[PDB]
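One structure is given here, and the rest of the page talks about it.
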Amino acid sequence: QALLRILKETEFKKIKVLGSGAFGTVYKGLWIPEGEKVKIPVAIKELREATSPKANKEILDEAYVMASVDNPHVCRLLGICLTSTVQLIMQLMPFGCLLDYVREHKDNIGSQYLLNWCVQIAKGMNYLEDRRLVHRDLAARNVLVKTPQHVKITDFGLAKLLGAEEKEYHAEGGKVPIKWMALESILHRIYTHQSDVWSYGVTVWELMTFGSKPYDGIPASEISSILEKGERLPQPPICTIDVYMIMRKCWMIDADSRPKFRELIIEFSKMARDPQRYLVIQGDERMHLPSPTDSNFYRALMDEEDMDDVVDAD
Amino acid sequence: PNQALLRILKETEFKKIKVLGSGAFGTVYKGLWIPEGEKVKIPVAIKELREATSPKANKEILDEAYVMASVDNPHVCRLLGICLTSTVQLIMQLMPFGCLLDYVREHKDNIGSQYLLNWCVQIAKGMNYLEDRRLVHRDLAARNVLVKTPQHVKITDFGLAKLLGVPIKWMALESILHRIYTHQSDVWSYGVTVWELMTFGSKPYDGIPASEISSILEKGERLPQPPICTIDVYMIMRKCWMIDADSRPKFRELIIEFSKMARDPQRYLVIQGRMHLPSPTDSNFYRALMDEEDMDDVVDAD
Ligand SMILES: CSc1nc(-c2cccc(NC(=O)c3cc(O)ccc3F)c2)c(-c2ccnc(NC(C)=O)c2)[nH]1
Ligand SMILES: CSc1nc(-c2cccc(NC(=O)c3cc(O)ccc3F)c2)c(-c2ccnc(NC(C)=O)c2)[nH]1
Ligand SMILES: [Cl-]
């Protein structure tokens, strides 16, 4: 209750469209505290309608859980406004989502960065599992970039709260992430922490291919059919077999045979200490992590919260 | 000092966008920092300093900026970056609320007692840190206290007066007569700063010529008791304005006294009607959006 602020329409205004997604439309907004004349920039996500007749109460009940997460790699829901539409408010991060970032820096992202992103994403998911929360829609598009050295997972639980209409699960490119889903989730709508591990594997594939679309050209209606016959996402050219084997274990049919998020943290952090042994990238060396000076600059301006330190090289 | 705490910016990676204000030390701009290889523009605050009385060496300007970048305290502004061209430009975090002097004036009819007493607590905490680092401000005033949130203020521009080279009505008498600047003379200006807050931004010795302040202090005259101040508050202010600098209070004793008074604020400030400190919900909203650095909890009422 003390973690979630209930906003009124009178104290915030949408001032710029930022993008649209499977869950709603993102705006750059301004919050005016009562009695003040300043405008604080915020981020606002106006959600699509739900398929269920959800009352406000329990919409607020899931928002209370969204506002209760405390981890450097999980987005905390800061505020909510229940008007005609449901509007979620969080801190504005000028870098956007990680999927767009790797697409904008495809020839300039080094190994140290890619491996550290996989560590931080697994750290966030491991926290969500500790909170016994299942994301259901983990993907690079749902990873937000606070700084290039600090990423955070967002939109956990929005898939279960909003839901998706039955026709989308059998349509092409709908509000259903078929190409990120575990097979048990496609066949029987079973969502666990272990199906999150599957989507984590696809998310890592997204980063290592610098934002390539998974199963591109393959119809979503045939994904369960090709997965049943043993076909998986191909090995990215920069990935050694050690990295590719990790991805393949998250896509195992037996959900309990997939790795745990706490074991994914350990394995990727060991690889981050010696990044050029596990990722082969052209000119990888001159793609350093930032100096102490510049990160101290990044942190003082944009990231005054504390996080783990990014895993350094040998 | 770790040189790693001061980033030297170049003109191409930052550009001024809007004037925010002017002072005796320079002009304040709202700026945007564009990181190299980044398509983002981060809002910053930029202070371009005016010409120094006597022209200092570039090493010295750079040597003192390293000290300004070395302070680590929730109530002292840390210098984040500098750009040394023809002019000197200082870069710090952008704070949308501005200075405490304008804030207390704009809320002349809205300010509650817990804000005023806690602001005094925080200013003394910032000054005590500067005293611990043996840095002398020389120009502590309400205009030089910045508002990050209404519950969080920070001191700025320490040492700029000595680098650039006159607030007569904020200075201790030893500073007027002989230009003696100590942590003790900073205590004098702290009292005037508190008097500013308790009068909601009133000008000290308004209508009195600055050239006559030296005589008015020597005959024992001081700033009057603010209408909302009980004598406990006013006695603290008068003790910082004692002629004997060694008899003035120390910043560590000002922290304790104002924190005691903040625990029962309406027993020490008599205000007609203002607004209390924010809920836990509104406090974490302010901080999750705007203020994520480490602070001690603001002193609440018993
Ligand atoms: C790529 S999609 C996207 N959505 C968002 C967004 C916006 C507002 C709120 C939320 N979410 C939650 O509040 C929430 C939901 C839950 O279920 C669990 C927990 C929660 F906290 C998300 C962004 C985003 C956020 C901030 N700044 C930017 N900046 C730029 C340049 O785009 C974008 N981007
Ligand atoms: C007194 S007027 C004023 N100056 C500044 C300012 C701006 C940039 C740099 C500095 N200087 C220092 O940071 C510095 C100086 C030192 O010597 C020691 C250590 C230091 F950190 C100051 C502001 C200010 C700052 C941020 N946001 C706002 N927002 C609004 C709405 O006005 C204003 N206001
Ligand atoms: Cl100034």
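Keep in mind that the numbers below use all heavy atoms, side chains included, and drop hydrogens, waters and symmetry copies. So that the names make sense, note that chain A is the first sequence line, chain B the second, and so on, each numbered from 1.
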Notebook entry, point to check: Do you see a donor-acceptor pair shorter than 3.5 Å between the side chains of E267(A) and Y278(A)?
Noted result: no

Notebook entry, point to check: Do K8(A) and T83(A) touch side chain to side chain, with heavy atoms closer than 4.5 Å?
Noted result: no

Next item on the list: Evaluate the criterion side-chain hydrogen bond (donor to acceptor under 3.5 Å, both in side chains) for residue pair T25(A) and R48(A); output intermediate values, then yes/no.
Entry: CA-CA 8 Å; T25(A) 301; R48(A) 322 171 295 108; over 6 Å; no

Margin query: Does either side chain, that of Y64(A) or that of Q1(A), offer a donor lying less than 3.5 Å from an acceptor on the other one?
Written below: yes

Margin query: Under a plain distance cut-off of 3.5 Å, with no hydrogens placed, do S70(B) and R133(B) share a side-chain donor-acceptor pair?
Written below: yes

Item checked: Check against side-chain hydrogen bond (donor to acceptor under 3.5 Å, both in side chains), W180(A) and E206(A) -> CA-CA 10 Å; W180(A) 281 258; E206(A) 279 187 281; 2.9 Å; yes

Note to self: Side chains of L7(A) and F285(B), heavy atoms from C-beta outward: is any pair under 4.5 Å?
What the structure shows: yes

Margin query: So that I know where these two stand, are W33(B) and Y298(A) an aromatic pair - ring centroids less than 6.0 Å apart?
Written below: yes

Next item on the list: For the pair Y215(A) and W205(A), evaluate ring pair (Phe, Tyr, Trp, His ring centres under 6.0 Å) and give the outcome as yes or no after the intermediate values.
Entry: CA-CA 11 Å; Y215(A) 315 104; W205(A) 188 90; 7.4 Å; no

Check: Under 3.5 Å, is there a donor-acceptor pair linking the side chains of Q194(A) and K260(A)?
Finding: yes

Item checked: Residue pair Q91(A), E292(B): steps toward the side-chain hydrogen bond (donor to acceptor under 3.5 Å, both in side chains) verdict -> CA-CA 11 Å; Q91(A) 162 192 87; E292(B) 305 181 280; 3.2 Å; yes

Next item on the list: Could you tell me whether the side chain of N73(B) reaches within less than 4.5 Å of the side chain of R78(B), counting heavy atoms only?
Entry: no

Check: Given the rule in the side-chain hydrogen bond (donor to acceptor under 3.5 Å, both in side chains) test, do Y191(A) and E184(A) qualify, once you have shown the distances and angles that lead to the verdict?
Finding: CA-CA 8 Å; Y191(A) 296 101; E184(A) 71 260 19; over 6 Å; no

Note to self: Just to verify, what does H150(A) make a side-chain hydrogen bond (donor to acceptor under 3.5 Å, both in side chains) with, not counting sequence neighbours?
What the structure shows: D303(A)

Next item on the list: Tell me, yes or no, whether the heavy-atom count around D254(A) atom CG, taken from other residues, nucleotides or ligands under 6.0 Å, exceeds 12.
Entry: yes

